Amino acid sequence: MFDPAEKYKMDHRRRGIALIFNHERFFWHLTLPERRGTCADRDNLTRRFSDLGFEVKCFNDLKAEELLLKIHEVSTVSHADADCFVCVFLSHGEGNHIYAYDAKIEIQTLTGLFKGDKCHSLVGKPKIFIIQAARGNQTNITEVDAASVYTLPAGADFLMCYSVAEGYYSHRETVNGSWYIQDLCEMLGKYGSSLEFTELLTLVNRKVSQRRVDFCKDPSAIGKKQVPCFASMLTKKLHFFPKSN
């Protein structure tokens, strides 16, 4: 008796874990610039996901070894009593790679740890990755990076969310944070608890697409528009309705 309005089952004891890997500085010999403003992104994300019931776990400037250890740990813990899983990357990236402090890591090996095969307690539950990563470029200045990270599609019941698409530019204010993440966090605040999450992400696409880029303090930053996207492999409507204590 197939149902065109089926919602993911979101009535488990806990909402689930939200990992946030936050990268401001890099090993000297990588020659990658500071990401001044990433802490606003981390703090804004932490607050909005907390208010939706996530156990938010933040990690600053982890080396590759440390990051793989923490994310493997979280992948092999039981999610049996959880609604879903959220993982956020705030760093530099290139192609299919995010940068840790130390070295780059294949995104597919991070998403792979949560695929049905390898994490049974999350089968049929939403797995949401959010990626603010672009190319390292070198009071509140707007820095602009070229898109660099492929808009990849993980696997069944994953939702991959991207700051910026091929041929567009990602913006980060050095105090206020990334345009994508400001607008994601504003929409989580107003609508997180009512709207279907892909409906919300679409609002975010509108908000960021509409940010004007014709009258910039830097002449070279003029006409560098920003368009985010999401790659959905979801199989049901996704809501973060308030949980019943």
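Residues carry their position along the shown sequence, with the first being 1.
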Within the set of other compared PDB entries, does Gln138 lack a model in a third or more?
-> yes
What lies unmodelled of the deposited sequence between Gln138 and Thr139 amounts to 10 or more
Which is higher in the entry, the mean Cα B factor of 215-223 or that of 45-53?
-> 215-223
Mean C-alpha B-factor comparison - 92-100 and 115-123, higher one | 115-123
Sort the modelled residues of this chain by their C-alpha B factor and say whether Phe27 lands in the lowest, middle or highest third.
-> middle
Lowest, middle or highest third: where is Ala146 by C-alpha B factor in its chain?
-> middle
Modelled-residue ranking by C-alpha temperature factor, third containing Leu19 | lowest
C-alpha B factor of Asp61, ranked within the chain: lowest, middle or highest third?
-> lowest
Grab the CA temperature factor for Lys236 from the record and place it in the lowest, middle or highest third of its chain.
-> lowest
